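In structure tokens, one chain follows: the form deposited in one PDB entry.
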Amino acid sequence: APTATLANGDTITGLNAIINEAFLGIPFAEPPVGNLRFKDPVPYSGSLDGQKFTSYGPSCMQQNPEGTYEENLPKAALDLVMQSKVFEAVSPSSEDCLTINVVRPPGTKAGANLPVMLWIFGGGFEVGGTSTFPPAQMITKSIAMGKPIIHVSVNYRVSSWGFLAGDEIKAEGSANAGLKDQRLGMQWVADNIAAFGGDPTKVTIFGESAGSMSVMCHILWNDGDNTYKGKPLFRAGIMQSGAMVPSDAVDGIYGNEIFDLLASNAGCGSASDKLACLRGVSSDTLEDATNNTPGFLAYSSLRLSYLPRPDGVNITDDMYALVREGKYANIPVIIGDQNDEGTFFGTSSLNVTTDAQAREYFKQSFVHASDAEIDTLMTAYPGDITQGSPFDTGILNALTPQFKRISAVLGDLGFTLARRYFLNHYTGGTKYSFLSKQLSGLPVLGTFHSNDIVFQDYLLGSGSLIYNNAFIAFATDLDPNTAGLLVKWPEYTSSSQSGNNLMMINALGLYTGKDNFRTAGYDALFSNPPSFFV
């Protein structure tokens, strides 16, 4: 009953979900199956005329987050759940999964020229789908604000399906397939969103966690040339927990190792052309083989098996060097963090209890760091339990002697201080930054990684003022301060600036503060960023 006539003249029918109009599961690419596996997405060349798009299609195949080549109860348990027919029913996944979803205010028509917020989900570049991030809460708040927006979300390939690396991938020019799927969805939005009522010149890309790192990679893509047919694909970005990816090149040592392990697992260890061997195995075999390489909750934790890597062609270099060197799109950005980003990931190494074990675990994680750098890291993130994450909880939360320390390190390198490095080097547009302390006092996890999805899409809280209202204002006016919040959000210029530069959130509301914490950790980590790449 919602209808839209797309650029090629196909007329499709969506769903009227009374508080909004949805067009769900629209195919934007040919199915990346068989020989199209691990390859760049191909535009969808087919007809959609007269079809209805009233539900989410399957997610892309998902890796077991406890997957590993070792056998253990968490791995076993999550497989039990993931291959259950009830799980398959409620959460279908498929290699044919590249669909896009357009949801809008009731009554929107072609030509309305509403701002578009394009959502990139994140799941440690190994799980995730669009269906789990309901847009209703954002759309309703935008209407009530007088600033209505269209919400678009795009599926992309995750895990081995989407981020296989190594020498053979590099040689074929197929690196970072998953980010290419997101780039092709952006191109579809530029070409088709006006038929839904959206303005192709007012697209804000936003994402959380691996989706946020994805937004960063899109700012850096093609050395910052973000145009399509002579026009920018997005005029702004919002990054919720995640900035540059600390990754070695695609044909680096861990990219190749994971490739060879995967290919032994699928039965391709003796293939002359492993890559062609992996295109021939079944979906079950490939799923199996992937669950036998480490998932992001396994012991390897942030030394991820599948993640964006510089390839020298679309991400031309080390992502930290691209930012020092100015190779980025010049846009206004919001980038923020949850106060205790690493507590989640610290749960993967709870068998590390002594300093000697903590030193070995960092050495295993960071193969390029010298002993002097490991020594500096362990001085800057001391074993003292009052010092680590959950921050400012004293002697509480001491699951081990090292949990709070490993959690402080991992949340900082992967997200919180990575964000400060970007902010201190980026001159492309106005910057805004937030830090949430909304769930201070939550045992074990603190203001944990991803709690912002709850207050953006599910429940209302003091944080929703930022994750919905300030973000809607930014997507409409390019300034979060048009939301008329009582605290003014100051512009971030530098971490050494005078005066408050961070919007902050606690259980009661908003206030501002300074991005001047853990400076010793920032230099331990980022004096020579490649020392801590994976």
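The term rigid core refers to the most C-alpha atoms you can superpose between the two forms while keeping them within 1.5 Å. Just count from 1 along the sequence shown to find any residue number.
The same protein also has a form deposited in another entry, omitted here; what follows describes it.
Annotation: the position in 70, 491, 477, 49 displaced by at least 2 Å at CA between the shown form and the other one, with the core superposed, corresponds to 70. In the core-superposed comparison between the shown form and the other one, the C-alpha atom of residue 457 has shifted by less than 2 angstroms. Put the two forms on the same core and the Cα of residue 79 is off by 2 Å or more between the shown form and the other one. Once both forms are fitted on their rigid core, the CA atom of residue 144 lies less than 2 Å apart between the shown form and the other one. In comparison with the shown form, the Cα-Cα distance of residue 80 and residue 284 increases by at least 3 angstroms in that other deposited form. By 3 Å or more, the C-alpha separation between residue 75 and residue 358 grows in that other deposited form relative to the form shown here.
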